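data27.txt (compact mmCIF, C-alpha atoms and all ligand atoms)
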```txt
# COMPACT_ATOMS: atom_id res chain seq x y z
CA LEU A 2 2.52 -79.76 105.05
CA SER A 3 5.46 -81.75 106.45
CA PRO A 4 9.10 -81.55 105.17
CA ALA A 5 8.69 -85.23 104.41
CA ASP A 6 5.52 -84.42 102.45
CA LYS A 7 7.81 -81.92 100.67
CA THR A 8 10.50 -84.36 99.62
CA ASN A 9 7.84 -86.83 98.56
CA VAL A 10 5.90 -84.56 96.19
CA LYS A 11 9.13 -83.05 94.88
CA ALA A 12 10.08 -86.48 93.52
CA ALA A 13 6.53 -87.68 92.83
CA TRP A 14 6.30 -84.96 90.22
CA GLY A 15 9.74 -85.71 88.89
CA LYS A 16 8.74 -89.13 87.63
CA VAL A 17 5.15 -88.69 86.59
CA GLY A 18 5.13 -85.07 85.39
CA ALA A 19 7.19 -84.83 82.25
CA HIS A 20 4.22 -84.94 79.84
CA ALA A 21 1.58 -83.41 82.12
CA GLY A 22 1.22 -80.48 79.76
CA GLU A 23 0.06 -82.59 76.82
CA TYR A 24 -2.90 -83.93 78.73
CA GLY A 25 -4.52 -80.52 78.88
CA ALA A 26 -7.30 -81.17 76.45
CA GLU A 27 -7.99 -84.58 78.01
CA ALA A 28 -8.48 -83.81 81.68
CA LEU A 29 -10.87 -81.01 80.91
CA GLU A 30 -12.94 -83.52 79.01
CA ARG A 31 -12.52 -85.97 81.85
CA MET A 32 -13.79 -83.36 84.28
CA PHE A 33 -16.90 -82.79 82.20
CA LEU A 34 -17.85 -86.44 82.31
CA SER A 35 -17.03 -87.14 85.96
CA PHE A 36 -18.69 -83.90 87.06
CA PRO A 37 -21.47 -83.06 84.55
CA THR A 38 -22.30 -79.92 86.49
CA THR A 39 -18.92 -78.44 85.59
CA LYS A 40 -20.11 -78.22 81.99
CA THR A 41 -23.55 -76.60 82.12
CA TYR A 42 -21.61 -73.30 81.61
CA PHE A 43 -17.88 -73.04 81.22
CA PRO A 44 -17.39 -69.79 79.25
CA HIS A 45 -13.67 -70.47 78.93
CA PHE A 46 -11.30 -71.64 76.21
CA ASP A 47 -13.83 -70.98 73.44
CA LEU A 48 -14.20 -74.74 73.04
CA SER A 49 -16.71 -74.85 70.21
CA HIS A 50 -13.96 -73.41 67.96
CA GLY A 51 -11.13 -75.77 68.78
CA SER A 52 -8.80 -77.38 71.28
CA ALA A 53 -6.23 -74.62 70.75
CA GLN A 54 -6.78 -72.57 73.89
CA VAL A 55 -7.47 -75.62 76.00
CA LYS A 56 -4.43 -77.52 74.87
CA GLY A 57 -2.27 -74.53 75.64
CA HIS A 58 -3.80 -74.07 79.08
CA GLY A 59 -2.71 -77.63 79.64
CA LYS A 60 0.92 -76.58 79.38
CA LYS A 61 0.26 -73.50 81.53
CA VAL A 62 -0.99 -75.89 84.24
CA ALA A 63 1.88 -78.38 84.01
CA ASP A 64 4.41 -75.61 84.00
CA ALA A 65 2.63 -73.99 86.90
CA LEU A 66 2.83 -77.19 88.96
CA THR A 67 6.40 -77.96 87.93
CA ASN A 68 7.43 -74.58 89.33
CA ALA A 69 5.07 -74.41 92.36
CA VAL A 70 6.30 -77.90 93.27
CA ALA A 71 9.98 -77.15 92.76
CA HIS A 72 9.32 -74.31 95.24
CA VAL A 73 7.10 -75.97 97.86
CA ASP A 74 9.66 -74.89 100.45
CA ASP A 75 10.08 -71.23 99.67
CA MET A 76 6.89 -70.26 97.80
CA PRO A 77 4.12 -72.09 99.71
CA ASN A 78 1.35 -69.91 98.33
CA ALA A 79 2.60 -70.40 94.76
CA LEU A 80 -0.55 -72.37 94.08
CA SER A 81 -2.87 -70.60 96.51
CA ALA A 82 -1.99 -67.35 94.72
CA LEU A 83 -2.91 -68.97 91.41
CA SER A 84 -6.27 -70.18 92.70
CA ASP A 85 -6.97 -66.58 93.73
CA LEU A 86 -6.18 -65.22 90.27
CA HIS A 87 -8.63 -67.68 88.70
CA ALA A 88 -11.42 -67.10 91.22
CA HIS A 89 -11.10 -63.33 91.35
CA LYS A 90 -9.88 -62.15 88.01
CA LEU A 91 -10.46 -64.98 85.53
CA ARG A 92 -13.88 -65.67 87.00
CA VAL A 93 -13.29 -69.44 87.36
CA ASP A 94 -15.14 -71.17 90.22
CA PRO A 95 -12.44 -72.57 92.62
CA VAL A 96 -14.46 -75.82 92.62
CA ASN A 97 -13.49 -76.27 88.99
CA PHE A 98 -9.93 -75.28 89.82
CA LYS A 99 -9.79 -78.07 92.33
CA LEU A 100 -11.50 -80.80 90.29
CA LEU A 101 -9.48 -80.09 87.12
CA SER A 102 -6.29 -80.83 89.09
CA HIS A 103 -7.94 -83.98 90.30
CA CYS A 104 -8.64 -85.05 86.76
CA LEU A 105 -5.11 -84.11 85.76
CA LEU A 106 -4.09 -86.64 88.38
CA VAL A 107 -6.62 -89.24 87.20
CA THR A 108 -5.52 -88.51 83.62
CA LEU A 109 -1.90 -89.10 84.53
CA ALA A 110 -2.98 -92.40 86.10
CA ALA A 111 -4.38 -93.50 82.77
CA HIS A 112 -1.18 -92.75 80.84
CA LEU A 113 1.45 -93.83 83.39
CA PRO A 114 -0.02 -97.16 84.57
CA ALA A 115 2.81 -98.54 86.69
CA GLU A 116 4.91 -95.42 87.34
CA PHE A 117 1.93 -93.58 88.85
CA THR A 118 2.00 -95.51 92.16
CA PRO A 119 -0.75 -94.92 94.79
CA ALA A 120 2.02 -93.41 96.88
CA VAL A 121 2.88 -90.92 94.15
CA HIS A 122 -0.80 -90.07 93.82
CA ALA A 123 -0.95 -89.40 97.57
CA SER A 124 2.12 -87.16 97.62
CA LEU A 125 0.63 -85.09 94.80
CA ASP A 126 -2.82 -85.27 96.24
CA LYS A 127 -1.50 -83.73 99.44
CA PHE A 128 0.41 -80.95 97.69
CA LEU A 129 -2.75 -80.04 95.78
CA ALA A 130 -4.62 -79.75 99.08
CA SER A 131 -2.30 -76.87 99.85
CA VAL A 132 -4.57 -74.21 98.35
CA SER A 133 -5.15 -71.98 101.40
CA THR A 134 -2.65 -69.24 102.38
CA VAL A 135 0.26 -69.92 104.77
CA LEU A 136 1.88 -67.42 107.19
CA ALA B 2 -6.62 -117.32 99.97
CA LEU B 3 -6.63 -116.80 96.20
CA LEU B 4 -2.82 -117.05 96.42
CA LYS B 5 -0.04 -115.34 98.37
CA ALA B 6 1.47 -112.75 96.01
CA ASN B 7 -2.02 -111.33 95.76
CA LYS B 8 -2.35 -111.36 99.54
CA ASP B 9 0.51 -109.06 100.53
CA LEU B 10 -0.51 -107.00 97.54
CA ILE B 11 -4.18 -106.60 98.37
CA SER B 12 -3.00 -105.72 101.88
CA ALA B 13 -0.35 -103.17 100.86
CA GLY B 14 -2.97 -101.42 98.75
CA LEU B 15 -5.65 -101.20 101.45
CA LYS B 16 -2.78 -99.59 103.36
CA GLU B 17 -1.69 -96.98 100.85
CA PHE B 18 -5.36 -96.34 100.26
CA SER B 19 -5.71 -95.52 103.95
CA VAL B 20 -2.94 -92.96 104.00
CA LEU B 21 -4.85 -91.30 101.16
CA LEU B 22 -8.05 -91.07 103.16
CA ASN B 23 -6.45 -90.14 106.45
CA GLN B 24 -4.30 -87.41 104.90
CA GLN B 25 -7.53 -85.83 103.65
CA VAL B 26 -8.67 -82.53 105.16
CA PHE B 27 -11.98 -80.80 104.56
CA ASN B 28 -10.88 -77.25 103.62
CA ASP B 29 -12.59 -74.87 101.20
CA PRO B 30 -13.69 -75.10 98.51
CA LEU B 31 -16.03 -77.80 99.74
CA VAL B 32 -17.20 -80.09 97.00
CA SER B 33 -20.87 -81.10 96.97
CA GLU B 34 -21.81 -84.37 98.65
CA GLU B 35 -22.44 -85.96 95.26
CA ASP B 36 -19.18 -84.88 93.62
CA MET B 37 -17.18 -86.24 96.56
CA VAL B 38 -18.45 -89.77 96.00
CA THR B 39 -17.41 -89.53 92.35
CA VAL B 40 -13.89 -88.65 93.49
CA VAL B 41 -13.51 -91.52 95.93
CA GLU B 42 -15.17 -93.59 93.22
CA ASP B 43 -12.53 -92.33 90.81
CA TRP B 44 -9.83 -93.07 93.38
CA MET B 45 -10.77 -96.74 93.60
CA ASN B 46 -11.22 -97.07 89.84
CA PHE B 47 -7.58 -95.88 89.97
CA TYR B 48 -6.11 -98.37 92.42
CA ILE B 49 -7.84 -101.30 90.76
CA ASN B 50 -6.86 -100.17 87.27
CA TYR B 51 -3.34 -100.01 88.75
CA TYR B 52 -3.01 -103.23 90.77
CA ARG B 53 -4.57 -105.04 87.82
CA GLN B 54 -0.95 -105.06 86.65
CA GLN B 55 0.74 -106.18 89.86
CA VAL B 56 -1.66 -109.09 90.30
CA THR B 57 -0.45 -112.43 88.97
CA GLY B 58 -1.63 -116.01 88.53
CA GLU B 59 -4.25 -117.12 85.99
CA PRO B 60 -6.78 -114.62 84.51
CA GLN B 61 -9.33 -116.76 86.38
CA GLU B 62 -8.20 -116.04 89.96
CA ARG B 63 -6.40 -112.88 88.84
CA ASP B 64 -9.76 -111.15 88.39
CA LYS B 65 -10.96 -112.55 91.74
CA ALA B 66 -8.42 -110.69 93.85
CA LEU B 67 -9.30 -107.41 92.16
CA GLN B 68 -13.02 -108.02 92.72
CA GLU B 69 -12.12 -108.65 96.39
CA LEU B 70 -9.98 -105.52 96.49
CA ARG B 71 -12.80 -103.29 95.25
CA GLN B 72 -14.92 -104.98 97.90
CA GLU B 73 -12.40 -104.14 100.62
CA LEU B 74 -11.55 -100.57 99.60
CA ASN B 75 -15.24 -99.74 100.01
CA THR B 76 -14.87 -101.00 103.60
CA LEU B 77 -12.64 -97.99 104.34
CA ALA B 78 -14.32 -95.80 101.76
CA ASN B 79 -17.74 -95.90 103.39
CA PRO B 80 -16.51 -94.64 106.82
CA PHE B 81 -14.84 -91.71 105.04
CA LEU B 82 -17.93 -90.70 103.08
CA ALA B 83 -20.14 -90.91 106.18
CA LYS B 84 -17.40 -88.88 107.85
CA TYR B 85 -17.76 -86.27 105.12
CA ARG B 86 -21.51 -86.30 104.65
CA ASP B 87 -21.37 -85.60 108.39
CA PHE B 88 -19.18 -82.56 107.76
CA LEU B 89 -21.80 -81.24 105.32
CA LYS B 90 -24.68 -80.99 107.83
CA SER B 91 -22.14 -80.00 110.49
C1 LIG C 201 -5.13 -77.56 88.40
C2 LIG C 201 -5.66 -76.36 88.28
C3 LIG C 201 -5.19 -75.22 87.46
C4 LIG C 201 -3.95 -74.68 87.35
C5 LIG C 201 -2.67 -75.08 88.04
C6 LIG C 201 -4.09 -73.58 86.41
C7 LIG C 201 -3.07 -72.76 86.03
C8 LIG C 201 -3.16 -71.68 85.16
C9 LIG C 201 -2.04 -70.80 84.81
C10 LIG C 201 -0.64 -70.92 85.33
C11 LIG C 201 -2.53 -69.88 83.98
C12 LIG C 201 -1.81 -68.74 83.38
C13 LIG C 201 -2.05 -67.56 84.35
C14 LIG C 201 -1.46 -66.21 84.05
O1 LIG C 201 -1.87 -65.58 83.04
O2 LIG C 201 -0.59 -65.77 84.83
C15 LIG C 201 -3.95 -70.19 83.78
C16 LIG C 201 -4.82 -69.49 83.00
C17 LIG C 201 -6.17 -69.71 82.82
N1 LIG C 201 -6.87 -70.69 83.41
FE1 LIG C 201 -6.17 -72.07 84.66
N2 LIG C 201 -5.38 -73.47 85.98
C18 LIG C 201 -6.07 -74.46 86.60
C19 LIG C 201 -7.45 -74.71 86.42
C20 LIG C 201 -8.35 -74.02 85.62
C21 LIG C 201 -9.76 -74.33 85.44
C22 LIG C 201 -10.47 -75.47 86.12
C23 LIG C 201 -10.24 -73.41 84.57
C24 LIG C 201 -11.61 -73.26 84.01
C25 LIG C 201 -12.78 -73.26 84.67
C26 LIG C 201 -9.13 -72.54 84.22
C27 LIG C 201 -9.19 -71.45 83.36
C28 LIG C 201 -8.16 -70.60 82.98
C29 LIG C 201 -8.30 -69.50 82.05
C30 LIG C 201 -9.55 -69.08 81.35
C31 LIG C 201 -7.05 -68.96 81.94
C32 LIG C 201 -6.64 -67.84 81.07
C33 LIG C 201 -6.01 -68.61 79.88
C34 LIG C 201 -5.50 -67.72 78.84
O3 LIG C 201 -4.50 -66.99 79.11
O4 LIG C 201 -6.10 -67.79 77.73
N3 LIG C 201 -8.02 -72.94 84.87
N4 LIG C 201 -4.30 -71.28 84.53
```
Could you render the structure from this file as structure tokens?
Amino acid sequence: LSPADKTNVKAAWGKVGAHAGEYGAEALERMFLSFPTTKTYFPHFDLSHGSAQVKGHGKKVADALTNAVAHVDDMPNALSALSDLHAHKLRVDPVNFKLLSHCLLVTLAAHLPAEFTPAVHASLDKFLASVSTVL
Amino acid sequence: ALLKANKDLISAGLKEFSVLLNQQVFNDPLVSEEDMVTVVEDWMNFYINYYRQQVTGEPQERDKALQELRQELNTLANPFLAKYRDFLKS
């Protein structure tokens, strides 16, 4: 990940990411339609009983990215570490982990029409492709 | 030439869309062949739904550029997919 790629994302998230945490509920739904296979199971969030747990998780994701992004420089595994927690202890297939962030992006596209430039999508896209450990 | 404004536009996009594809790396987790298409598919459905704001002119030729854009993106999209479907069997 280049230092340019670091200044890009840092700002890319500044513009587009203020409300990211409110689109929790949405993206999950968007991931179920775009990738039907991600729904056949999905033991999480106790969905049948309400969008409570899933809307909250939304915030947890947006806060996670806000921080992991604000620290691309010094905490490069910030996100990789998170992926590990999900895959190993929260029993959440890392495929889902990946897609859901994709949908978060697609979901942001829907709400911020003109501010979510293709460039901004790229910056973020890159950052999100930083899921494997760095040494 | 549907116009000019929509000529430097359609070209800037096919550009930014290229940086997206070229900056792509095939690390784990590897998403199934099928799912990948859906993503690229979702990427285009993004650009178009975006440039469909930058485009100008009359809603008659306005929706011609877009239809040409989607046509062009696929031009770069297809190489990428083949490039990936090749990584699968690889
Ligand atoms: C963009 C990707 C994602 C990010 C950044 C993210 C981030 C987070 C964060 C920061 C937490 C809180 C972790 C902690 O307790 O320290 C969390 C919890 C959790 N995440 Fe995710 N997550 C993502 C995707 C997913 C996906 C796709 C699923 C489901 C398959 C999922 C399921 C869960 C569950 C079940 C919890 C526990 C929630 C709870 O405390 O009730 N996450 N996630």
Expected answer as an MDAnalysis selection string: residues within 9 Å of ligand LIG 201 (chain C), all atoms listed in the file | chainID A and resid 29 32 39 43:46 54:55 57:66 69 80 83:84 86:87 91:105 129
Chain B residues near chain A (9 Å cut-off, all atoms listed in the file) as a list in words |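 Filtering chain B at 9 Å from chain A with all atoms listed in the file gives residues 14, 17, 18, 20, 21, 24, 25, 26, 28, 29, 30, 31, 32, 36, 39, 40, 43, 44, 47, 48, 50, 51, 52, 54 and 55 of chain B.
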Output C-alpha atoms for every residue in the selection just made, as a PDB file, in the coordinates of the input.
```
ATOM      1  CA  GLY B  14      -2.970-101.420  98.750  1.00  0.00           C
ATOM      2  CA  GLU B  17      -1.690 -96.980 100.850  1.00  0.00           C
ATOM      3  CA  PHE B  18      -5.360 -96.340 100.260  1.00  0.00           C
ATOM      4  CA  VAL B  20      -2.940 -92.960 104.000  1.00  0.00           C
ATOM      5  CA  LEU B  21      -4.850 -91.300 101.160  1.00  0.00           C
ATOM      6  CA  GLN B  24      -4.300 -87.410 104.900  1.00  0.00           C
ATOM      7  CA  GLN B  25      -7.530 -85.830 103.650  1.00  0.00           C
ATOM      8  CA  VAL B  26      -8.670 -82.530 105.160  1.00  0.00           C
ATOM      9  CA  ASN B  28     -10.880 -77.250 103.620  1.00  0.00           C
ATOM     10  CA  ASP B  29     -12.590 -74.870 101.200  1.00  0.00           C
ATOM     11  CA  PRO B  30     -13.690 -75.100  98.510  1.00  0.00           C
ATOM     12  CA  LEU B  31     -16.030 -77.800  99.740  1.00  0.00           C
ATOM     13  CA  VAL B  32     -17.200 -80.090  97.000  1.00  0.00           C
ATOM     14  CA  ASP B  36     -19.180 -84.880  93.620  1.00  0.00           C
ATOM     15  CA  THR B  39     -17.410 -89.530  92.350  1.00  0.00           C
ATOM     16  CA  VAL B  40     -13.890 -88.650  93.490  1.00  0.00           C
ATOM     17  CA  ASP B  43     -12.530 -92.330  90.810  1.00  0.00           C
ATOM     18  CA  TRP B  44      -9.830 -93.070  93.380  1.00  0.00           C
ATOM     19  CA  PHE B  47      -7.580 -95.880  89.970  1.00  0.00           C
ATOM     20  CA  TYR B  48      -6.110 -98.370  92.420  1.00  0.00           C
ATOM     21  CA  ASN B  50      -6.860-100.170  87.270  1.00  0.00           C
ATOM     22  CA  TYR B  51      -3.340-100.010  88.750  1.00  0.00           C
ATOM     23  CA  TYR B  52      -3.010-103.230  90.770  1.00  0.00           C
ATOM     24  CA  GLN B  54      -0.950-105.060  86.650  1.00  0.00           C
ATOM     25  CA  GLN B  55       0.740-106.180  89.860  1.00  0.00           C
TER      26      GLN B  55
END
```
Please identify all polymer residues within 10 Å of residue 85 (chain B), counting only C-alpha atoms, omitting same-chain residues fewer than 3 positions from it, and present them as a list in words.
->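 That gives residues 26, 27, 34, 37, 38, 79, 80, 81, 82, 88, 89, 90 and 91 of chain B.
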Interatomic distance between CA of residue 74 (chain B) and CA of residue 14 (chain A)?
->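 CA of residue 14 (chain A) lies 25.5 Å from CA of residue 74 (chain B).
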How far is it from CA of residue 59 (chain B) to CA of residue 19 (chain B), in Å with one decimal?
-> 28.1 Å
